[PDB]
Structures are given as C-alpha cells and as structure tokens.
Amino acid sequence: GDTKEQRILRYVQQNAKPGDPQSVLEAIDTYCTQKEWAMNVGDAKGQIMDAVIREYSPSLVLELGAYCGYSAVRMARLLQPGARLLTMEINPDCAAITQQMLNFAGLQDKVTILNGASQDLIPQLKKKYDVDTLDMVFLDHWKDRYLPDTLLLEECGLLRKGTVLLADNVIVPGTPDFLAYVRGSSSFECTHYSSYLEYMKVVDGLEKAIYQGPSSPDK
C-alpha cells in the first residue's frame, strides 16, 4: 500500500511544475516541514550545496544515498551540459521514486541511478560507468559508512587533487570517525558548515573535505 516516499512523490506531482526543478525542491521542503517529517537535507543545507556546486562547477558528481531524489534534483539542476550525476541508492523502491522525481523535474538525462550498496558499486565505476576521477562526492547515506567508503574511493583511484567531498549530518547524529580522519589527514583540506535543524532545535553541519592527493612515503 501507501508509503511516506510515495506520498512525497505524489505531493510533488500534484503541486510542482514539470520541468521546473526549483518548484520540485520547494514542494518537497514544504511537504517535509508542513505535512510529514522525512529524511531531507532541507533548504538551508541546500543553499550550502548550491554554493559548493557553483564554486567548483563539477563535471562528474557522485551522490551516496539518493532516498527520494531531493539532493539529486538539487545538484543536477545546477550541472552544465555534459556534466553527469551518478547517484547510488540501496533501496529499490526509493531508487524508483528517485527516478520518477528526476523525470518529473526534467533532469533524468543528467542523472544515472545505481541501485545497490556503495561498497559494491564504487569499485565498478571505472569499468562500467566510464569514470576516470570524480570532481565531487556528496555523502548522505549510512553514517557508519562515510569513513570506509571515503577510504574506498581513495584506493579505487576515484579521487584527484581538488575533488570535493561534502558530507551531511557529521554532527547530528554525527560521524566523528570520519571527521577525525579527514581533518587529521594531510590528504584532506577541511572546512565545516554549521546549519540549524529547526524541527529538532539542534545545530548540525556539513563537512567539506578537499582531496589533496595521497600521503607521501618517508625519505
């Protein structure tokens, strides 16, 4: 029967306008703040994401954890012609919702949705999806996977100097292992973007970690 994710999608299809990504974002944010709570990056963090995308104008973006497609719509709407978003989603029903969301938004040709676990899919990017290196990675999937997937991206050769990692929810509920690693490592140049979760009345944040290249062996 009915699910919250189906309801989000229906609300968008009813109230937003096809081919208009901004209206889709606004409908989702309206739904999640007025009608029914849902895992959602939200407009405040959304504006931080927008600014990062505009600053670095990435040609190839990897998103981990699409859910209903809010972040995919958010980022893909700002991508240049020929730029690509690859988004990974472990739940088949959510992957389907994300595809319909993007189709409605008119962004389906900018996005490839991969249905599976990050640690299974990431090592296939070079062979199967013609990836050299990624320009940007958005992490918003299972929080205990931020660190191991970041380490995996590095060893698979998917990061280059200047690749931007942007990670959500690093304070609430928190990813302290990930923060300790990237802030402490000379391979990552880190900045923190605080943002309030009003519905929870606690400050959260996004971490931006810019890959510097691998660590040098001792001489």
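Residue indices: 1-based, along the sequence shown.
- Stretches 188-196 and 59-67 differ in mean C-alpha B factor, with the higher average recorded for 188-196.
- For the pair 94-102 and 123-131, the mean B factor over Cα atoms is greater in 123-131.
- Highest C-alpha temperature factor among 165, 38, 152, 28 per the entry: 38.
- Per the deposited record, 202 carries the highest C-alpha B-factor of all listed residues (9, 24, 202, 210).
- Split the chain's modelled residues into thirds by C-alpha temperature factor. Residue 172 is in the highest one.
- Per-chain ranking of the deposited C-alpha B factor places residue 118 in the lowest third.
- Compared with the other modelled residues of the chain, the Cα B-factor recorded for residue 182 ranks in the middle third.
- In this PDB entry, residue 80 carries a Cα temperature factor that places it within the highest third of its chain's modelled residues.
- Looking at the C-alpha B-factors along this chain, the one for residue 49 belongs to the middle third.
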